[PDB]
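A short worksheet on the structure shown next.
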């Protein structure tokens with residue numbers, strides 16, 4: 001259970 | 002030849018981290034974009050678009066290159 | 002989980018100019034490759050693989066970044 005010391010998207014309209 | 006949008010529809014200002022990046026993608030001004038856009042595959046399982054206009058982007062991205070090169 | 006080949010099995014043994022490069026692609030060691038491979042895409046709609054082991058590759062590729070950034 002390794003911690004992710006941050008983060009990634011909290012929205013989504015980025016699909017090239 | 003009528004209307005073409007850039008590959009990066011938008012960018013996202015949240016300071017991300019290289020830990021999540023496994024694949025990098027850079028597309029220079031094309032017949033759809035008259036500029037430059039940094040793109041990146043997110044480990045979540047999708048794509049994401051960064052803005053080279055942010056300093057943290059030049060850093061997390063720089064580390065990816067230094068990491069994939071040292072590997 | 003049996004057998005996976007790297008995204009790039011061969012490379013290009015002929016130095017060229019970024020003038021033909023419009024899109025860059027870099028994939029770090031993945032579940033299929035335990036190293037690093039710098040892929041690229043030519044405007045002609047083609048895709049090849051370069052070997053970072055060659056100095057001319059670090060140059061033509063470096064120019065692409067300096068060109069897409071200055072753009």
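Protein chains in written order, with PDB author numbering: chain C, 1 to 6, 8 to 17; chain A, 2 to 72; chain B, 2 to 72. For every residue, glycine included, the Cβ atom is placed at its ideal position computed from N, Cα and C.
Distance from the CA of residue 34/A to the CA of residue 3/A, rounded to the nearest whole angstrom, comes to 13 Å. Under the DSSP definition of a beta bridge, residue 28/A partners with 38/A and 24/B. Its chain contains 41 and 65 as the residues whose beta carbon lies nearer than 6 Å to that of residue 25/B, once the 5 sequence neighbours on both sides are disregarded; these appear in chain order. Going by C-alpha positions, residue 69/A is about 6 Å away from residue 37/B. Per DSSP, the unbroken alpha helix (DSSP H) holding residue 66/A starts and ends at 56 to 71. When the beta-carbon positions are compared, residue 9/C and residue 43/A come within less than 8 Å of each other. The C-beta distance from residue 61/B to residue 19/B rounds to 5 Å, short enough to meet the 8 Å contact threshold.
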